[PDB]
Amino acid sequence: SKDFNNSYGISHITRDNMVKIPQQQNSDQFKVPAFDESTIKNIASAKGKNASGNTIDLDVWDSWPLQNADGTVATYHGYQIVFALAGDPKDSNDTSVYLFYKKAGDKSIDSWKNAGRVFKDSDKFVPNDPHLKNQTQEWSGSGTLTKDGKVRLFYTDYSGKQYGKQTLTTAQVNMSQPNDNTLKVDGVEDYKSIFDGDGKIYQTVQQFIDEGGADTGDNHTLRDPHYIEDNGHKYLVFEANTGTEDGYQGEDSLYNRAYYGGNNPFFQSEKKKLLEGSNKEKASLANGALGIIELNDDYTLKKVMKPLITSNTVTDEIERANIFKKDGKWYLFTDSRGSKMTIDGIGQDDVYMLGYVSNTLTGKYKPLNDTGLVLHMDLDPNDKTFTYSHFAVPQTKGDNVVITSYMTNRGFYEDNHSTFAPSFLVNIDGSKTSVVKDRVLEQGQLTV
């Protein structure tokens, strides 16, 4: 029959595990901590110039810290460094990477100083690159402190003028200290594209267009590159979509048992509901993946590898790829919107962080807490303490990881700008994770 089973040698976020989350999620083991609304403040240094030229308060969104190769928070001349997407909502479609810095001793949100944008509007047109001159927006990624002590950035080149073309891009961020308490962005070098999809392993923007993606409601992604090191090799783990040969999108995917899990009755019943319903196209187009590529020492592409995990039929969008080694095991994390998912019981308000454990970097990834659920955030987008872009930050010692996120902060009264959310702790024990109760940290805190 049309029924088949194709794993493609890779792990999968299965429908059976996802349908079990609703009846599991209502627990303080998974619930994102309730944040105290009165103590929420804007980032004081989040000042910037709008597209008009006037100085205004910026909305600060997705943020990532400068990391050591193993994932721990780096120390740069006595400073912790955070890269963050920021911009003016009055110019809705614009995100630029800003550099925030804080002395290691300081703790408050007021202590975070702003070095400004990493790139000038001119920087993208300087080097000889096949993609950079088409960039409309700067999107998320990662930052690593090299063995040479250089600030190495990885981010996403987004092109709105090229049908939403997303390219994994790198640059060395040249720094200086004008005084004893100030970091300055001097400029950038080694600014170049690395990877934008191959077609077979990861979907290109051309295939998106060619299948009529702009009308069908397809979501093309190739973003959020996260740097990691293992056995002397250098990798980027990133949000992507499957190519033609590792489980492509389309109707046939709904017949693939590997994406369902569970028993045959579950497969037959879940498939039947999916083929009949209004979620048929949505599930068919859903082919999210967490991809991995190896890099050369100069940070160019070395090898395009098969994905670590896919979310075929489940969702087309698995965001903020995160990976780190702990207790000899490899942990993989992803943020997911319930509004993008096709699962019964999961709704528009549900926002998740999912987690997976493997014995090797490229081995079989098994779901944490049985289902993959690690964090559940279901606060209305209108709430002041709404949080998004949850990211697990590994620590030097202890079993706890620090969770960072941005708080939209859209209240009717001041303060009212998207800011650093208060951080919190999550305990990791084997294939089990739990939120540490009543340990709410300072806004944008990286370490404990």
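Each residue number is its position in the shown sequence, starting from 1.
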Averaging the C-alpha temperature factors as deposited, the higher value of 215 to 223 versus 348 to 356 falls on 215 to 223
Assert higher mean C-alpha B factor (394 to 402 or 414 to 422, deposited values) equals 414 to 422
Highest Cα temperature factor in the entry, among the options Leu66, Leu379, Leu58, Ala34: which one is it? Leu58
Can you tell me which of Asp198, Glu270, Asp246, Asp106 has the highest Cα temperature factor in the record? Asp106
For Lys306, return the chain-relative third of its C-alpha B-factor as stated in the PDB record: lowest, middle or highest. lowest
What third of its chain's C-alpha B-factors does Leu254 belong to: lowest, middle or highest? lowest
Could you say whether, by C-alpha temperature factor, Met18 belongs to the lowest, middle or highest third of its chain? lowest
By its CA B factor, does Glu294 count among the lowest, middle or highest third of the modelled residues in the chain? lowest
Taking the values exactly as deposited, rank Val374 by C-alpha B-factor within its chain and report the matching third: lowest, middle or highest. lowest
